[PDB]
Novice: 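Please find one structure pasted underneath; my questions will follow.
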Number of protein chains: 2
Amino acid sequence: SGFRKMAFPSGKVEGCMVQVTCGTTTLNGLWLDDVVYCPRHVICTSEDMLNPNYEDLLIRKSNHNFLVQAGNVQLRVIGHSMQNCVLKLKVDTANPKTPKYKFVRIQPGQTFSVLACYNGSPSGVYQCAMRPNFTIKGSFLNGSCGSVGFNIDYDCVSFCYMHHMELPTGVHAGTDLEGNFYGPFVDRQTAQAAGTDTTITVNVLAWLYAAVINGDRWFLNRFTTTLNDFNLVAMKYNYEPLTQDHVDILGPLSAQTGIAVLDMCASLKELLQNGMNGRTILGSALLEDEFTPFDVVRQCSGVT
Amino acid sequence: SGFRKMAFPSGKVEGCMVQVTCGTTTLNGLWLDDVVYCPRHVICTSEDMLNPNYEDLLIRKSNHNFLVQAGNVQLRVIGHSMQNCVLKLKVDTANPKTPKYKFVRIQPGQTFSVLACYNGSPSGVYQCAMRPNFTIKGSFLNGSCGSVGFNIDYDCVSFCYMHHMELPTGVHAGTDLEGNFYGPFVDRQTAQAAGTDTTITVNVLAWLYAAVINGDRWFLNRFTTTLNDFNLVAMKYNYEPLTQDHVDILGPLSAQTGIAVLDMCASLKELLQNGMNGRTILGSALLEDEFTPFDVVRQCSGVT
Ligand SMILES: O=C(Cc1cccc(Cl)c1)Nc1cncc2cnccc12
Ligand SMILES: O=C(Cc1cccc(Cl)c1)Nc1cncc2cnccc12
């Protein structure tokens with residue numbers, strides 16, 4: 001029992017982290033096979049970050065201008081290319097610690113672990129979610145760019161995020177490993193609108209099932225609702241609309257607890273309309289939305 | 001910016017996890033140098049867990065009865081001994097992945113990362129604290145015994161916890177790496193009193209400084225207090241008494257924000273007396289106590 005914001009073990013990702021320096025800018029890179037992936041803003045100075053022409057800036061750079069260090073040893077750069085907002089530096093050596101991996105573009109509401117890094121060295125690991133507004137609420141300081149987000153299935157690391165930017169609001173924006181930003185963000189030092197951040201309804205329901213599984217049941221009520229009645233409440237409280245696809249994914253948790261998904265929706269409706277009245281659920285005084293149904297099952301079953 | 005419940009990167013610990021089986025019981029072990037450390041209840045069946053005489057039970061066991069598997073390869077056991085509540089299995093091979101390490105017994109209020117494991121395989125990592133009542137609020141299922149808690153300083157892993165037991169209340173009890181339980185717990189299937197769990201006052205103040213550093217300042221007030229006035233409030237709200245030792249450790253955070261420690265205490269006093277009024281601090285609707293002053297500085301500075 002017990003329920004925690006749990007990250008995947010980060011070892012497989014630690015073995016891929018390297019330091020990339022170009023000119024006077026240093027950030028993190030991801031070494032997989034003979035390629036190092038990093039944010040393309042590594043070629044920028046603070047001056048051209050205002051309005052950068054990345055193609056024109058990259059023309060002034062050669063393979064020898066990209067310094068890639070793995071621990072204390074230097075990697076020889078034999079190629080460089082730009083794919084969207086990432087640079088791919090071909091090195092002459094394959095990373096001996098390259099795990100089985102895939103590049104995946106996650107959907108909003110999905111969760112992932114982040115290995116925050118500075119100077120190619122890992123500092124910590126935390127769990128977070130891609131927000132409906134395509135930002136992440138991370139914890140990142142200057143030098144953290146190039147830190148990656150990932151999920152792990154048995155021995156395979158699915159890289160889903162690369163950190164690039166912090167918005168003036170203190171929230172984070174980044175790309176998938178093909179260099180495509182999540183959301184409307186551009187890699188420019190210009191104020192950018194994040195957008196309304198709604199609550200991930202299916203994840204709150206998954207966490208409510210996690211609460212029942214671990215003993216917290218005070219919020220269970222004698223009511224039920226329908227998808228349309230529930231969604232009227234969800235709209236009012238800036239929660240994502242719940243669909244039959246969401247109900248279907250909550251099936252295993254509904255079967256584990258014997259609580260029909262619409263009955264759990266009625267519990268959520270009452271919690272939204274009445275608040276928690278000073279009570280807690282899984283050590284939290286608010287409704288948690290950064291655990292997916294898969295996360296709850298994985299944590300409550302022990303998948304390694 | 002951003003503040004997260006961040007764990008240390010777990011790679012150094014993953015390389016030490018092994019599976020230990022004795023009879024029909026399988027749990028995790030920690031392989032460092034040529035020794036495998038595991039909870040001594042690995043020698044028990046469910047029947048003798050009611051009242052085990054570990055010395056008499058260990059007499060029926062030989063080196064060949066302890067099956068130690070590292071990944072898919074078997075370790076040869078050449079020695080076994082019991083130290084308090086842990087078994088030390090001497091193996092014929094030193095772990096090639098043994099990091100620089102120390103065994104430390106942490107104080108209540110201190111935090112650490114946990115690498116939850118099942119069958120010698122890591123499933124996830126989370127941050128937690130040794131509670132004032134010497135329990136930890138972990139997330140552990142059957143088979144998680146032998147999973148360890150740790151801190152990392154540059155390249156050195158300080159192992160501080162080994163998981164042994166879940167109390168009927170769903171909270172967790174374990175030992176240091178010398179096999180001494182934290183708190184009054186015994187390794188027996190008997191109901192055991194955890195004790196009153198108070199809030200780690202110095203950690204809540206550290207998290208309030210973390211909130212100011214990251215922009216959340218609504219709770220800052222025009223008041224101050226004294227240690228004795230504050231402690232009257234702390235006693236009333238089941239918070240640990242604050243001492244000058246606690247004020248001294250909050251020095252760097254007080255210097256970073258320009259907020260005197262007793263002024264921050266007055267903010268905490270008002271939050272305790274008035275609640276949060278439906279507001280949040282660092283994405284939380286309650287006062288967080290599982291970040292030490294060291295954790296806040298480390299996260300807000302980027303120590304790798
Ligand atoms: O945001 C940037 C630099 C930047 C500026 C404009 C566009 C782009 Cl793509 C990147 N770096 C940081 C990332 N995360 C967190 C930080 C915290 N403090 C300072 C800097 C941080
Ligand atoms: O508590 C025990 C077994 C046990 C019983 C009495 C004494 C001692 Cl030292 C150990 N194992 C578990 C640990 N953590 C979490 C669990 C969750 N579910 C089942 C079992 C768990």
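All chains are named by letter (A, B, ...) in the order of the sequence lines, taking the proteins before the strands, and each is independently numbered beginning at 1.
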Novice: Between A:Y118 and chain B, which part of the residue has a heavy atom less than 4.5 Å away: side chain, backbone, both or neither?
Specialist: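 Both parts, backbone and side chain.
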
Novice: Quick check on B:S144 against chain A: is it the side chain, the backbone, both or neither that has a heavy atom closer than 4.5 Å?
Specialist: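 It is neither, since no heavy atom gets under 4.5 Å.
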
Novice: Could you walk me through whether B:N133 and B:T135 satisfy the side-chain hydrogen bond (donor to acceptor under 3.5 Å, both in side chains) test, starting with their C-alpha distance in whole Å, then the side-chain angles of each, then the deciding distance to 0.1 Å, before giving a yes or no?
Specialist: CA-CA 6 Å; B:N133 67 1; B:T135 62; 2.5 Å; yes

Novice: For A:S113, is it the side chain, the backbone, both or neither that has a heavy atom under 4.5 Å from a heavy atom of chain B?
Specialist: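 Neither part; nothing is under 4.5 Å.
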
Novice: Determine the option with the most heavy-atom pairs under 4.5 angstrom with chain A, choosing from B:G124, B:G275, B:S301.
Specialist: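 With the most close heavy-atom pairs to chain A, the winner is B:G124.
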
Novice: Can A:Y161 and A:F150 be said to form a ring-ring contact (aromatic ring centres under 6.0 Å, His included), step by step?
Specialist: CA-CA 7 Å; A:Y161 178 82; A:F150 61 97; over 10 Å; no

Novice: For this output row, return yes or no: ring centroids of B:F8 and B:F112 closer than 6.0 angstrom.
Specialist: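 Ring centres of B:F112 and B:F8 not closer than 6.0 Å.
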
Novice: More than 12 heavy atoms of other residues, nucleotides or ligands under 6.0 Å from CZ of A:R279: is that the case?
Specialist: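 Enclosed: over 12 neighbouring heavy atoms sit under 6.0 Å from CZ of A:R279.
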
Novice: Quick one: what part of A:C128 sits under 4.5 Å from any heavy atom of chain B, side chain, backbone, both or neither?
Specialist: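 When you check distances to chain B, atoms from both the backbone and side chain of A:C128 fall under 4.5 Å.
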
Novice: Between A:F185 and A:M165, is a side chain to side chain contact (heavy atoms under 4.5 Å, CB included) present by the stated rule, with each step listed?
Specialist: CA-CA 9 Å; A:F185 312 109; A:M165 195 169 67; 3.8 Å; yes

Novice: Is the distance between the ring centroids of B:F181 and B:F134 under 6.0 Å?
Specialist: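 No, they do not, as the ring centres are separated by 6.0 Å or more.
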
Novice: With a 4.5 angstrom heavy-atom cut-off, which part of A:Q299 approaches chain B: side chain, backbone, both or neither?
Specialist: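 Both parts, backbone and side chain.
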
Novice: Pick one of side chain, backbone, both or neither for B:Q127, based on which atoms fall under 4.5 Å of a heavy atom in chain A.
Specialist: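 For B:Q127, backbone heavy atoms alone lie under 4.5 Å from chain A.
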
Novice: Under a 4.5 Å cutoff for heavy-atom pairs, which residue among A:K5, A:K137, A:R298 has the most contacts with chain B?
Specialist: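 Highest number of pairs under 4.5 Å: A:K137.
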
Novice: So which residue, A:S121, A:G170, A:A7, A:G278, ends up with the most heavy-atom pairs under 4.5 Å with chain B?
Specialist: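 The residue among A:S121, A:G170, A:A7, A:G278 with the greatest pair count is A:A7.
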
Novice: In terms of heavy-atom pairs under 4.5 Å, which option from B:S1, B:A285, B:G11 contacts chain A the most?
Specialist: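 So the answer, after comparing B:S1, B:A285, B:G11, is B:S1.
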
Novice: For the CZ atom on A:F294, are there more than 12 heavy atoms of other groups (residues, nucleotides or ligands in this structure) within a distance under 6.0 Å?
Specialist: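 It does not: A:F294 CZ has 12 such atoms or fewer within range.
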
